[PDB]
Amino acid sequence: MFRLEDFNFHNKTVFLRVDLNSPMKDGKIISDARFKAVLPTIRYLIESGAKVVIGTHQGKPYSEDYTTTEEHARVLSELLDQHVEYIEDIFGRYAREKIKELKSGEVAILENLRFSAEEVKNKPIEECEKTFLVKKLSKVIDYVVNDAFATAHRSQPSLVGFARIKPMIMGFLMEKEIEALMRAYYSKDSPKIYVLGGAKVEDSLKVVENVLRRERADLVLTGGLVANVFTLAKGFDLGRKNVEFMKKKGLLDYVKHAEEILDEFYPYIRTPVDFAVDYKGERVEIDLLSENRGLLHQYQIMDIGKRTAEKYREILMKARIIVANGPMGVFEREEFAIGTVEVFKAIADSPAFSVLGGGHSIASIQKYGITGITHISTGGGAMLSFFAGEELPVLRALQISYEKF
């Protein structure tokens, strides 16, 4: 796989595909983490004298966080202290001309790539390379630098389509994401502890089964909805309020799979011994075995309890390898972030080689200044696909582009 050092970018037009798809509120970006994660690659191309054309998606059609890339352009302008021109087009006449007018060291960003109908579809490289998006942009670019690890599990045209048409190179972020995850995945050491939270139940279950069956994990700790589903699968009654919540998310269509995984690896999976509910706005912790458990029928679980975090810490502090994804509870709400903060701090204090991902789901981490984690991935869905043992389309394309040029 090509690396940034293998090419001379002076006066070369570079299509830099990154993932600046950021969490938003009222259409405003609420976390610039993904922007900071790509500054090194961007700075390298600028200093290298390349003409940088940035491309990113934001949300998906009809979604609340589906916006133009105008704000991304300003955010980028500020972090780089260099004007980043917002080109309101993707691959049409205007975009091509604006791209041609770029001088060495200058940077611009195209419109939300997902404004394009071809871009939103996941298709084989053979189909992506024939898209109008790829064919028309290919006429004005020399190389493609892909730093979009967070979208590495998608097979969309801007991501894999240029592979056989232009040399597609890994950015610095992509290279460090792959190196860290591969390192954790293939460790020969142990304990290898996995911590799965968040609401991506189906995908988290694919991870659980893969790492346990292939022995990449010695133990799996659970939080968030992942924990709720496994806890129900064990036989505990989480209450109507909570059962309906899971049901309303189709998450019950996975309780089945959860039970089957429990039947096969019961002793290698840990679930909360206590939870926190939203009792009239206040944080109230109940014990799964205590009587107050009745509270679960009317009040919703929002976080794991003090004793679970405590137990998880003990285990994590003795791990050699830690792979974590997603929050332990409703991380965005201060009163229900404790569980996540404690588990993440345990990961950070642990001497283990640690990797923590979650994408937008763990964006709130930027408020707790947690240090010590070896690698905080920009990936959420992408990370889950990787630890599930699924080939990432972007990585395959990178390999195909390398073997070709």
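So that there is no doubt, residue numbering starts at 1 and follows the sequence shown.
| task | Using only the Cα atoms and their B-factors as the entry lists them, report which of 49-57 and 23-31 averages higher. | result | Taking the mean C-alpha B-factor of 49-57 and of 23-31, the larger value falls to 23-31.
| task | Taking the mean of the C-alpha B-factors per stretch from the entry, tell me the winner out of 365-373 and 61-69. | result | Result of the comparison: 365-373.
| task | Name the one of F132, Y299, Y86, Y194 with the greatest CA B-factor according to the PDB entry. | result | Highest CA B-factor of the listed options: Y299.
| query | Among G171, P267, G161, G224, where is the Cα temperature factor highest, going by the PDB entry? | reply | Comparing C-alpha B-factors across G171, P267, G161, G224, the maximum falls on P267.
| task | Compare the C-alpha B factor of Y44 with those of the other modelled residues in its chain, then answer lowest, middle or highest third. | result | Middle third of the chain for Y44's C-alpha B-factor.
| request: Sort the modelled residues of this chain by their C-alpha B factor and say whether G198 lands in the lowest, middle or highest third. | output: As the PDB entry reports it, the C-alpha B-factor of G198 lands in the middle third of its chain.
| task | Looking at the entry's B-factor column for C-alpha atoms only, identify whether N11 ranks in the lowest, middle or highest third of its chain. | result | Highest third.
| query | Sorting the chain's CA B-factors, does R114 end up in the lowest, middle or highest third? | reply | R114: CA B-factor falls in the lowest third of its chain.
| query | According to the PDB entry, is the CA B factor of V355 in the bottom, middle or top third of its chain, that is, lowest, middle or highest? | reply | For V355, whose C-alpha B-factor we compare with every modelled residue in the chain, the answer is the lowest third.
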